[PDB]
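> so I've got this experimental structure, pasted below with the sequence.
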Amino acid sequence: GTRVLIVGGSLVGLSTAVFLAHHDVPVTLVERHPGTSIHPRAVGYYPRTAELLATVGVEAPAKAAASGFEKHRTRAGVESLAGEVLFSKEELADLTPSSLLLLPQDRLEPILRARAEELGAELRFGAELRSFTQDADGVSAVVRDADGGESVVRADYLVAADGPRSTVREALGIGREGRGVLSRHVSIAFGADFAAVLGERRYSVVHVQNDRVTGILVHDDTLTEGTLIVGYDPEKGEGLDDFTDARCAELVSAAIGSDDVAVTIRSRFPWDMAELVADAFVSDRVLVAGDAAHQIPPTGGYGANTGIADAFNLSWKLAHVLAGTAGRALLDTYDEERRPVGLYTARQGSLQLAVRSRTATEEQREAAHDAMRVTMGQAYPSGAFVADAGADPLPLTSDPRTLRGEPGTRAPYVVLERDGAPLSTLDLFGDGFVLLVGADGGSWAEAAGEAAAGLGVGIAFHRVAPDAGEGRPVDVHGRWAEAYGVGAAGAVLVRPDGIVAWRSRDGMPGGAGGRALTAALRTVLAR
Ligand SMILES: Cc1cc2nc3c(=O)[nH]c(=O)nc-3n(C[C@H](O)[C@H](O)[C@H](O)COP(=O)(O)OP(=O)(O)OC[C@H]3O[C@@H](n4cnc5c(N)ncnc54)[C@H](O)[C@@H]3O)c2cc1C
Ligand SMILES: COc1cc(=O)c2c(=O)c3c(c(=O)c=2c1=O)=C(O)[C@]1(O)c2c(cc4cc(C)oc(=O)c4c2O)CC[C@]1(O)C=3O
């Protein structure tokens, strides 16, 4: 009945549901909580992440849900929101059609929830994975519902999106490396009349510091929902269980600094700033994604972004394995591609935490990469692609403006037109294998036909040429070939996740194009 089980219906579990259901994979997701968390959590989604979301219709609604917060331009440090202000302060179109999506997770998640439900994913909230076993043939998972009733869900594969304390990762005996837990915090979600204390003021985030509370205070677009994130010191013997609703009300009220503002605590969650990365992201039929794979220090919001990229990477791979078009070893490439990225990003988070706390060495500041290089400039060291002979390999990240369609990299953004209507290379990707070809590369259509037929996998052919053709992509400014690092007679095979899989810099005479592409694609699909 149900073929991929996801554990966790936070960001990554749901990005997984949307991506698997996009690819016509039967998904059951389980989330122990009765819905998606009202806490804001990770608030910035970088252009690359937005592009990923574009492929499943999530960018436009998320951009719409984000304009409410676009006004929230001011960062400040205060004694209390009602008290004294101590301090207050206030991509680009050749690379990406997307901008930074300033949207809290509690707004992005319901969008992903809706889209997953539309694409036919089964989402069981208030449902807890107790334990699981895996054999040669699949995975058997014990689910306890809200009523306390248990059942065994049978799946081909299990995706662990169950967060930092992932009982799956632990059940599998996958350890973790990194600098570990830096600080322990509690997120306190509450309802309050922010307007009555804000006036015309709108903040992104407020640092609160007075005798009774230190912490990070956020308000939503509506000025009704707020979060207070506070430290606790286990050296003082403080823990989570000290954050009783009494205690939570007292902190929030001292952060507001009013008394007259009625506060309703909705929930507190524990939240650690940590650098901890799984040794392995794949254990036979279990795929570890998200905070379960990589706790990342939150400065730059790399965690939530990395985890959606995890979900995007593994999703089509599972779809290809489940449909018998890819060898089971295709999934191993999830680990090969995303673990180095996971580990690199987690360390990037630590550099940023160090640069922001003003405790970085010039070496930490030297090694800290632009967020666009971290999220868009990735060159997978190895995985589901075929490298170019002779062309020197890329490091893990580069300036994404220097990338020219090297296999293992984001197939570049090239502005096109179809019947006068704007488009890009990116609009072409996300649904299946895409073969793109230059002006002189008309023969590569037969090439795509042969490989598609030979291997039983769809290959959407598009020639990119600088003069019209009704319903044909027009290379408006004649950039495609240069941008993809091929001649006008060349071809570039793009994976479902928009990563370049293979290319021919030159044309291939006769059947050679078809034989080569078949072998290229046979390798990427582990066949
Ligand atoms: C309170 C809090 C505040 C945060 N604040 C920030 C922030 O300010 N900045 C930032 O960059 N990141 C922040 N994060 C982290 C961010 O939310 C994650 O990086 C992002 O959501 C990716 O995590 P994930 O979806 O993989 O896992 P998580 O977000 O941890 O979600 C894991 C989910 O798995 C579920 N689960 C666990 N065990 C089971 C089980 N047995 N059965 C079913 N479901 C299970 C949990 O209930 C949870 O919903 C915060 C997280 C929390 C919890
Ligand atoms: C020592 O110095 C620090 C240490 C930290 O450990 C730290 C930290 O951990 C931070 C943080 C910090 O400033 C610091 C910080 O100074 C925030 O600034 C933060 O990014 C943030 C939040 C919400 C929003 C909402 C909106 C719309 O837009 C934002 O711009 C926005 C955010 O940007 C919620 C908290 C946040 O995610 C975060 O975790």
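Arrived safely, thanks for sending. Residues are numbered from 1 along each chain as shown. Ligands and ions are numbered 1, 2, ... in the order given.

> find the nearest non-adjacent residue to residue 59, please.
Of all residues not flanking residue 59 in the chain, residue 53 sits nearest, at 4.5 Å (C-beta to C-beta, 6 or more residues apart in numbering). All C-beta spots, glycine's among them, are computed from the backbone N, C-alpha and C.

> ok, the one you found to residue 238 distance?
According to C-beta to C-beta, to the nearest Å, residue 53 and residue 238 sit 38 Å apart.

> ok, residue 175 next?
28 Å.

> list the helices and strands the host helix or strand of the residue nearest to residue 59 packs on?
Remark: residue 53 resides in helix 47-54, with elements defined by DSSP states H and E. Applying 3 or more C-beta pairs under 8 Å, 6 or more residues apart in numbering; DSSP states H and E, one finds that helix 47-54 makes contact with helix 59-70, strand 101-102, helix 302-322, helix 371-376, helix 425-428.

> does ligand 2 sit close to the helix or strand just after the second one?
Going back to what we said before, that points to strand 101-102. Per DSSP H and E, the first helix or strand lying C-terminal to strand 101-102 is helix 105-118. No: Helix 105-118 does not reach ligand 2 (C-beta under 6 Å from any ligand atom); its nearest approach is 10.2 Å.

> which residues does helix 105-118 contact?
9-11, 14-15, 17-18, 21, 27, 29, 36-43, 45, 56-58, 61-62, 65-66, 101, 123, 225, 304 (C-beta atoms under 8 Å, 6 or more residues apart in numbering).

> please repeat the previous calculation with a cut-off of 6 Å.
11, 14, 17-18, 21, 36-38, 40-42, 56, 58, 61-62, 65 (C-beta atoms under 6 Å, 6 or more residues apart in numbering).

> try stretch 299-309
11-12, 15, 42, 44, 46, 49, 52, 290, 296, 345, 348-349, 352-353, 356, 371, 375.

> ok, and which of these reach ligand 2?
Answer for those near ligand 2 (C-beta under 6 Å from any ligand atom): 353, 356.

> measure the closest residue to ligand 1 within the chain to residue 311 for me?
Closest residue of the chain to ligand 1, C-beta to the nearest ligand atom: residue 290 (2.0 Å). Look at residue 290 and residue 311: by C-beta to C-beta, they are 7 Å apart.

> hey, what's in contact with both of the two?
Shared contacts of residue 290 and residue 311, counting by C-beta under 6 Å, 6+ apart, come down to residue 12.

> so for this structure, the centremost residue is which one?
residue 308 (1.7 Å; C-alpha atoms, centre = their mean).

> now that residue, nearest residue through space, not along the chain?
residue 15 (4.5 Å).

> give me phi/psi at that neighbour?
phi -60, psi -40 (degrees, to the nearest 10).

> the stretch 201-350 of the chain: helices as residue ranges?
Assigned by DSSP state H, counting those that start in this stretch, the helices in the stretch 201-350 of the chain fall at 245-256, 302-322, 329-357.

> how about the residues of this structure by ligand 2?
40, 43, 69, 72, 102, 204-205, 216, 218, 273, 298-299, 353, 356-357.

> what about burial for those residues, which qualify?
Among these, those that count as buried by neighbour count (16 or more other C-beta atoms under 10 Å) are 40, 43, 69, 72, 102, 204-205, 216, 218, 273, 298-299, 353.

> okay if I get these as JSON lines plus distance to ligand 1?
Listed next are these as JSON lines, based on distance: C-beta to the nearest ligand atom, whole Å:
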{"residue": "40", "distance to ligand 1": "7"}
{"residue": "43", "distance to ligand 1": "7"}
{"residue": "69", "distance to ligand 1": "14"}
{"residue": "72", "distance to ligand 1": "15"}
{"residue": "102", "distance to ligand 1": "13"}
{"residue": "204", "distance to ligand 1": "12"}
{"residue": "205", "distance to ligand 1": "9"}
{"residue": "216", "distance to ligand 1": "7"}
{"residue": "218", "distance to ligand 1": "8"}
{"residue": "273", "distance to ligand 1": "9"}
{"residue": "298", "distance to ligand 1": "3"}
{"residue": "299", "distance to ligand 1": "8"}
{"residue": "353", "distance to ligand 1": "11"}
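
> surely residue 314 touches residue 286?
No: using C-beta atoms under 6 Å, residue 314 makes no contact with residue 286, being 11.2 Å away.

> mind listing what's buried along stretch 240-254?
Quick answer for stretch 240-254 (16+ other C-beta under 10 Å): 243, 247-248, 251-254.

> which residue ranges of the stretch 101-250 of the chain form strands?
101-102, 122-125, 128-134, 139-144, 150-155, 157-160, 176-191, 203-210, 213-219, 225-232 (DSSP state E, counting those that start in this stretch).

> show me what from the chain comes close to ligand 1.
7-8, 10-13, 30-33, 39, 41-42, 105, 128-129, 161-164, 167, 187, 269, 271, 290-292, 298, 301, 303-304, 307.

> residue 486 reaches residue 505, doesn't it?
Yes: Residue 486 lies in contact with residue 505 (C-beta under 6 Å); the separation is 5.0 Å.

> same drill for those two, tell me which one is more crowded.
residue 486 (23 against 17; other C-beta atoms under 10 Å).

> state the number of residues packed around residue 60.
Residue 60: 12 neighbours (other C-beta under 10 Å).

> can you check the one 5 residues further on too?
Neighbour count for residue 65, taken as other C-beta under 10 Å: 17.

> same question for residue 70.
12.

> how near is it to residue 110?
For residue 70 relative to residue 110 (C-beta to C-beta), the value is 19 Å.

> with residue 429 instead?
Distance from residue 429 to residue 110, by C-beta to C-beta: 26 Å.

> more crowded one of the two?
residue 429 (23 against 15).

> ok, the more buried one - contacts?
Neighbours of residue 429 in contact, by C-beta under 6 Å, 6+ apart: 494, 498.

> on the three-state scheme, residue 34 is what?
coil (DSSP: H, G, I helix; E, B strand; the rest coil).

> which non-adjacent residue is nearest it?
Closest to residue 34 by C-beta to C-beta, 6+ apart is residue 126, at 4.4 Å.

> next up, phi/psi of that neighbour, please.
Dihedral angles (degrees, to the nearest 10) for residue 126: phi 70, psi 30.

> let's number from 520 now, not from 1
In the new numbering, first residue 520, that becomes residue 645.

> correct me, but it touches residue 665?
Yes: here residue 645 reaches residue 665: they are 3.4 Å apart, a contact under C-beta under 6 Å.

> any common contacting residues for those two?
Once C-beta under 6 Å, 6+ apart is applied, it turns out that residue 645 and residue 665 contact no residue in common.

> relative to residue 808, how far out is the residue nearest to the residue of the chain closest to ligand 1 when sequence neighbours are not counted?
Of all residues not flanking residue 809 in the chain, residue 531 sits nearest, at 3.0 Å (C-beta to C-beta, 6+ apart). As for residue 531, its distance to residue 808 is 5 Å (criterion: C-beta to C-beta).

> I'd like to know how many residues surround residue 788.
So residue 788, with other C-beta under 10 Å, has 18 neighbours.

> could you give the bridge partners of the residue nearest to it when sequence neighbours are not counted?
Leaving aside its sequence neighbours, residue 788 sits nearest to residue 706 (C-beta to C-beta, 6+ apart; 4.8 Å). On the basis of DSSP bridges, residue 706 is bridged to residue 748, residue 788.

> what does residue 955 give?
residue 981, residue 1011.

> do I have it right that it meets residue 981?
Yes: using C-beta under 6 Å, residue 955 is in contact with residue 981, at 5.5 Å.

> how many residues are close by residue 956?
For residue 956, using other C-beta under 10 Å, the count is 29.

> quick one, domains of the chain?
523-570+619-696+795-876, 902-1043 (automatic domain parsing).

> ranking the ones you listed by burial, who's on top?
domain 523-570+619-696+795-876 (a mean of 22; mean count of other C-beta atoms under 10 Å).

> make TSV out of the domains of the chain and add distance to residue 600.
Conversion of the domains of the chain to TSV gives the following (distance: least, C-beta to C-beta, whole Å):
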stretch	distance to residue 600
domain 523-570+619-696+795-876	16
domain 902-1043	39
